[PDB]
């Protein structure tokens, strides 16, 4: 069932949408965890490409987010 989980990008997202519409707990996790693995490893900008996102941060907020994360060991 990992073999199942290959698919296009919108065909995964759209699967999540209609996977909690019909209330399938098991499939919702499997689909979500697979988007989660797409994010793991990538840099901030490289995450913004893979999903077509647009940085909505002033450079003051960026360095604010940056200063807060410094209170957590990686």
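Positions refer to the first chain, counted from 1.
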Determine, from the deposited record, the chain-internal third of the Cα B-factor for residue 19: lowest, middle or highest. highest
Chain third (lowest, middle, highest) by recorded CA B-factor, residue given as residue 36: lowest
C-alpha B factor of residue 10, ranked within the chain: lowest, middle or highest third? highest
Test of reading the entry: by CA B factor among the chain's modelled residues, which third contains residue 54? middle
